[PDB]
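Residue numbers (PDB author numbering), protein chains in the order written: chain G, 0 to 18, 29 to 369; chain H, 0 to 368; chain D, 0 to 368; chain C, 0 to 368.
Note that CB positions come from ideal geometry on N, CA and C, so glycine has one too.
Take a look at the structure set out below.
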Amino acid sequence: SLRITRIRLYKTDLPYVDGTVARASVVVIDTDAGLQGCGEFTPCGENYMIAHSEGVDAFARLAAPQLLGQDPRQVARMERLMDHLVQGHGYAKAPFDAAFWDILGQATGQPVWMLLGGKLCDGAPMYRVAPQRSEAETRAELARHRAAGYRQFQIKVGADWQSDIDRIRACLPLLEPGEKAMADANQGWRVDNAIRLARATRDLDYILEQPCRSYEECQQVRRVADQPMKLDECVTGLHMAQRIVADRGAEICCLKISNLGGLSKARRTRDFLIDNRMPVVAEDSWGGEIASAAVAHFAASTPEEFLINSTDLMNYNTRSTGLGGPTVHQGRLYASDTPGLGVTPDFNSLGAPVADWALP
Amino acid sequence: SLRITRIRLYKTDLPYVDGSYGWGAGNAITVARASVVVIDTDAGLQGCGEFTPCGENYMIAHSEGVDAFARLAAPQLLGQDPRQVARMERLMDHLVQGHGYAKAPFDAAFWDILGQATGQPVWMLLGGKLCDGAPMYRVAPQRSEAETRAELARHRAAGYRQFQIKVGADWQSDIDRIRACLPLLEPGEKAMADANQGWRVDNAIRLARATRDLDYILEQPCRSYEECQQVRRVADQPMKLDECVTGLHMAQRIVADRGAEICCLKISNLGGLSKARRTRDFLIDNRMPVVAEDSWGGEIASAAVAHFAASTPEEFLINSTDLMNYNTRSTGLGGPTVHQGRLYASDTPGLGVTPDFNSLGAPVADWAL
Amino acid sequence: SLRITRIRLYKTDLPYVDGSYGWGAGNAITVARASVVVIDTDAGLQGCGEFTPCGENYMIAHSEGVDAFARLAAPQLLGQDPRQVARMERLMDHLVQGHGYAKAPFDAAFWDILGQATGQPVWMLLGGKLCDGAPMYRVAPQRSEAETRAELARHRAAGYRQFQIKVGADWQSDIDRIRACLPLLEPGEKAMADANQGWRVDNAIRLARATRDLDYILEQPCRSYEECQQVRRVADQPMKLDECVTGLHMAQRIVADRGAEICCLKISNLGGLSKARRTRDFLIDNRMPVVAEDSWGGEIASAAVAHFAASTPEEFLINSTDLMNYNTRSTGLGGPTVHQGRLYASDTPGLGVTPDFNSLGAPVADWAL
Amino acid sequence: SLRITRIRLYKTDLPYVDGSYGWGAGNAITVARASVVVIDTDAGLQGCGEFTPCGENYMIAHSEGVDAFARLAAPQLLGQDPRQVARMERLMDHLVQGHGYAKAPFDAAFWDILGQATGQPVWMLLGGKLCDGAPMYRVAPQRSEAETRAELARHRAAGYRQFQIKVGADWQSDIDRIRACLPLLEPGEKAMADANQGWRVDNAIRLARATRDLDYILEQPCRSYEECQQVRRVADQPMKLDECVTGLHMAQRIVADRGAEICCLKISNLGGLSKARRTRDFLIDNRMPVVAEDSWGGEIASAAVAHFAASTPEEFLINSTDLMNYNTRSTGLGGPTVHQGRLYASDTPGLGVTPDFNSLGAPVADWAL
Ligand SMILES: [Mg+2]
Ligand SMILES: [Mg+2]
Ligand SMILES: [Mg+2]
Ligand SMILES: [Mg+2]
């Protein structure tokens, strides 16, 4: 027997470590037994997926009055309640969902990964971005990452196909045979140009990541490209996951929690793709300790054999959303083993809540 | 050159005329929450636009998401040329992906301004008057039984010849009200039974089989397109697809499958007049009959609809509707008129509607300079 | 209110600037035959439009067919309101089926009149200035290595970064043509090998195989779409479809198969500016890169091309072309301009072109109200 | 050895025998405009051909298009060997693309010359007399129960066993026409409801469902093939496809989908007797029932029809028609004959018809070697 007694929405700025600021949305849910749950949505750019930072407010102003008095431990009941209140807008339902999972974990005395089936991966592999500099300086920097445990690297591309060809051709002979490189275009290329790129780099082993915006443009690129393809921002739910599997249309599916509509749907999409023997990346768009805690539990419950990587989202910002969260040890991401999400809100960083709903 | 100098967002309550408007699987609205966007320019031309949902869970659209979008978009829209509608379209689409419902009132205001600057009604800029008076339908909502026999004689004498039976809350009694409404129709008349996504697929099939000997239009029996196609395997009745018609991509699927007999085009579900126009033109070029509509709303939303309907070829326009007449309160001064069961657009420049500032009250948001 | 009071048809020869133009399988044009439609109204607004083929066998189109259509339709078009472009389109499609190239000059005259009536350039009415300056290509060229390098450096200095290789008459020496040209281009430059429907399917495959190590655009290698798809099974090069892109129907199946990397849109091949616009918009919403052009012609044909180009998103517009600059004679006064290898539309009301009555001569036909 | 020495184009009015001829969605033909091509040779062998539309908007074909094609192609055909019909076919298709209706009279004239040079009727050159007297239909009637009975009794006694009901202007009263006509004909007889592209897809489906218990032929209910296939989702009646059957490509699509029970073959819609023969032979090899006919016209068009019918296997030939008997005026001297409700081709060399030069008047165009 449990009831939601208070819902608060927090908003804070998260500046990037190398310079520029993402807008965080934290939801804090209180119960009549005094169990507190938190969840976070933070976009990396407002135009990046069908998701923006102000949409959490909007959803909360409609839903939070209807969520008071309900039992947060029942994550799927809360899921169906939210999906009956508004259709879509999953990015905005996502912080609530995570907070409900946090509460269920506290009530059960278990970490969120245990409620997701167990620890199927002890330390999710991680990647390092870039480097975008001199040849001898990239060589020194990749050696620093390599010594520290990293074997995967993300070439950030997608703003100019022609110089992107140069970036890929320059980076790949600078890494060892045991090492992965994903050229992530972030939906950036036009279909003709992505094909020019793929043809120019056909003699190279790298992962071709979300070359174009839509799934169909990506499949058109795939008609020519032999490189293992990774689909990301277009993986928006189970429907898309079903179509990718039916087409066998990717070698890796990247699973971002808030793009999938929260940890509940993200887990179901993951479970679906694992059962179809599709390798996956477990992450989210952006964020601090609260978003990262959800990510780490999500990765820890993914089979080691099918988990490509995850990411330490909290280490990209100079400011915090939460106290605690996941940790990094030797280039691997580790979930908490303490009950719930293993993260509480950082109220000092968050400020006064922008909105507050409570039971009488 | 023209520049956007000011953007204001207004919110008001639009109560329903009959009291309760029962739709779908147990939903009802007593009051709809309107969102009105008002755009001012440096030549003193003012545009306006409206999104109002009929139910906050009806489509991928809710009233609070308009504010959220405007807080993001409106600062970036200031100083832009509002009469370049497709520049404004792609700018709004560069600022945020999706959320077409929220862009829809801005888009309408832009079309309004363009009409004023050209000295032409919005129907002219949409291709001309291809239908003089869109035929109308009268929706009888979810209520009793012996009282719809007088509702028909009311609307029959009023000029209407098309009627919507609201169903979807219980397939079994729904069979009975389809079966009792149809023999009350006259020869030159039509009836659509709208489930508003309400039936579970097996129950929509039971209904289709129990009413197989009847001539009516089966409208959006289930939530998804795939569910409706599953119903269509068994159902011979002309099918009308509505809330699942989200845009051109779905329109392409429907045409490729030849998967409906009517496609319903709700302006804000399509993401504004710009995208609504393009989806309309696509379906007509593929000889698919259409309904020109929006979700709900007052005079500003109804002005857009009327021009949408007026620029649709009459050979392919099933009906349209007078949304402003469903409410006890207003959003705009002006808008379309009705005469003998047909909806007539304004012939004055722009949308032919100005904001009812007295009804709307103080703006909830105001960006300027 | 506006009424068409006079329809006149003009015919004139436009000789090619460099003697003989070789396209496709050995075909040669030295003089192209222009058809110009001039439309008068009761409020003194005059519109004009043009269709000029490159060759008479180049597409489903020929110069004498405009006369034949005008002889049927021009009596029926008198008294109508030319501002209502979609009404005129529907009316023309009602009088005859197909013959889009013949309806195309009328459609351009109607857009011109609408522009003038609204005080806006045709690009505004097509959505806005979405590309300020369309990229252009050079047609070049056929000589020694040093003379090729010199002429390409002058084009490069003139602002050109796109080059068309005229092929299609002989697959075997076309292979060599391609191999000679590419190493003389710089990184980033586009080369299109336009066979103009010229290769037999097996020979096109041989060419694709012998040039698989090369970065160029393979353009319309065969007549039919199916043939081009059969080449596409082997060819990894970006494929541009042109003369087979005849309308929305074909557009839809190119999209469904993801059948090309570029779709080339010739206004008269699509049946006029109204249909061309709609096919453009469909392809752009499906994120297909496009070329905005026409078959051939003087200033009147070129004015429509430039507005069509200017209202295409810069992101997806591959190139356009300055058709008027290929001829020694004129159909119109005014038209588009060329600046630093880019094609610019006019910003004055309408198409921004008036008929060159002295060059055109006496009308071959005249219908008055 | 033989050479074309002279080509002449004639134009004449063919008034309809019964005043006005109501077809499709609100069309009427009172006078049809014939185009007759006359080809002379150096051995004194003369051939003639004809194209006459049944309404200018009926198919992708109009009367003025023959003139336009001729003006471009006829100077290029002088000196050529007209007996080599495939060489002439391929030359025409090289000179212009499409416009097969305009090529059709030239094609007929070449088959005429070949039959004369070989001393054999055209049916012999198309494979033989595979049907001795093609079965005919009567387009009757359109009136009262007392008057339909007397009219079907005179038609029955005259040998007729197949009846076309002209519908497609009002689906609702077309239901009633079908329902009132079918029980007024005996066991052996047949009836086809030809909507002539006239119904909208939703209305065609309503008609199909209302008459789902009845034995008739659903002919061309909607314009496009895809619209017709959508109707066919619901309609179990034998479907007859007509105007959309434009050539072999569409015949291949139809065969692949098995998308009709009868294919109607109009010579001029297929681009002439040569393409018409190839499309028929392809469909017969795929065991598709066919109708062998043409759009409209006098004795010259009807001569080609009768030879087309006579060389169609009788197991698969549904019917043919006596086109010459629909008009009050002539294009030719001779042509086919009618006996006991069957259409009979001539057995004399060539088409069996000469041009009625007196009815045709002065040549509108004249090309000489
Ligand atoms: Mg990615
Ligand atoms: Mg509906
Ligand atoms: Mg080309
Ligand atoms: Mg027929």
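Proximity winner among the options, relative to residue i (alpha-carbon distances)
i                      : options                       : result
residue 4 of chain C   : C/76, C/70 and C/72           : C/76
residue 137 of chain H : H/47, H/199 and H/190         : H/190
residue 124 of chain G : G/69, G/306, G/315 and G/294  : G/306
residue 44 of chain G  : G/53, G/114, G/30 and G/104   : G/114
residue 256 of chain H : C/250, C/301, C/162 and C/228 : C/228
residue 54 of chain C  : D/94, D/37 and D/55           : D/94
residue 351 of chain D : D/265, D/88 and D/335         : D/335
residue 6 of chain D   : D/143, D/81 and D/148         : D/81
residue 167 of chain C : C/116, C/220 and C/216        : C/220
residue 143 of chain G : G/112, G/180, G/116 and G/170 : G/180
residue 275 of chain C : C/291, C/207, C/340 and C/92  : C/291
residue 314 of chain G : G/259, G/301, G/289 and G/61  : G/289
Between the CA atoms of residue j and residue i - distance to the nearest angstrom
i                      : j                      : result
residue 184 of chain H : residue 205 of chain C : 16 Å
residue 214 of chain G : residue 222 of chain G : 23 Å
residue 127 of chain C : residue 241 of chain D : 44 Å
residue 156 of chain H : residue 150 of chain H : 10 Å
residue 107 of chain C : residue 269 of chain C : 13 Å
residue 320 of chain G : residue 261 of chain G : 16 Å
residue 16 of chain H  : residue 295 of chain H : 13 Å
residue 272 of chain D : residue 48 of chain D  : 10 Å
For residue i, the residue or residues it bridges with in DSSP
i                      : result
residue 162 of chain G : G/137 and G/190
residue 198 of chain D : Paired residues: none, contrary to the question.
residue 265 of chain G : G/292
residue 12 of chain C  : C/32
residue 337 of chain C : C/342
residue 22 of chain D  : D/26
residue 331 of chain G : G/354
residue 120 of chain G : G/349
residue 316 of chain G : G/289
residue 46 of chain G  : G/38
residue 185 of chain D : In the DSSP output, where bridge partners are listed per residue, residue 185 of chain D has none listed.
Amino acids of chain C, ordered along the chain, whose beta-carbon sits closer than 9 Å to that of residue i
i                      : result
residue 131 of chain H : In chain order: nothing, as chain C lies at least about 17 Å away.
residue 286 of chain H : 199, 200, 221, 222, 223, 225 and 226
Proximal residues of chain C, C-beta to C-beta of residue i below 7 Å
i                     : result
residue 63 of chain D : 67, 70 and 71
Partner residues on chain D for residue i, Cβ-Cβ distance less than 8 Å
i                      : result
residue 424 of chain H : Since the first residue shown for chain H is 0 and the last is 368, residue 424 of chain H is missing from the structure and cannot be characterised.
residue 209 of chain G : 214
residue 86 of chain H  : 126, 127, 128 and 129
Under 8 Å from the C-beta of residue i: neighbouring residues of chain C
i                      : result
residue 268 of chain D : Under the 8 Å cutoff, chain C gives no residues; its nearest Cβ is about 11 Å from residue 268 of chain D.
residue 237 of chain H : 201, 204 and 205
Chain H residues whose Cβ lies nearer than 7 Å to that of residue i
i                     : result
residue 95 of chain G : 55, 56 and 61
Supposed contact pair residue j and residue i - C-beta distance, whole angstroms, cut 8 Å
i                      : j                      : result
residue 331 of chain C : residue 299 of chain C : 4 Å
residue 278 of chain C : residue 258 of chain C : No, residue 278 of chain C and residue 258 of chain C are not in contact; Cβ-Cβ is about 15 Å, not under 8 Å.
Partner residues on chain H for residue i, Cβ-Cβ distance less than 9 Å
i                      : result
residue 228 of chain C : 257
Chain-ordered chain G contacts of residue i [CB-CB under 8 Å]
i                      : result
residue 315 of chain D : 199
Proximal chain D residues relative to residue i, where beta-carbon distance stays under 7 Å
i                      : result
residue 177 of chain G : Simply none; closest approach about 15 Å.
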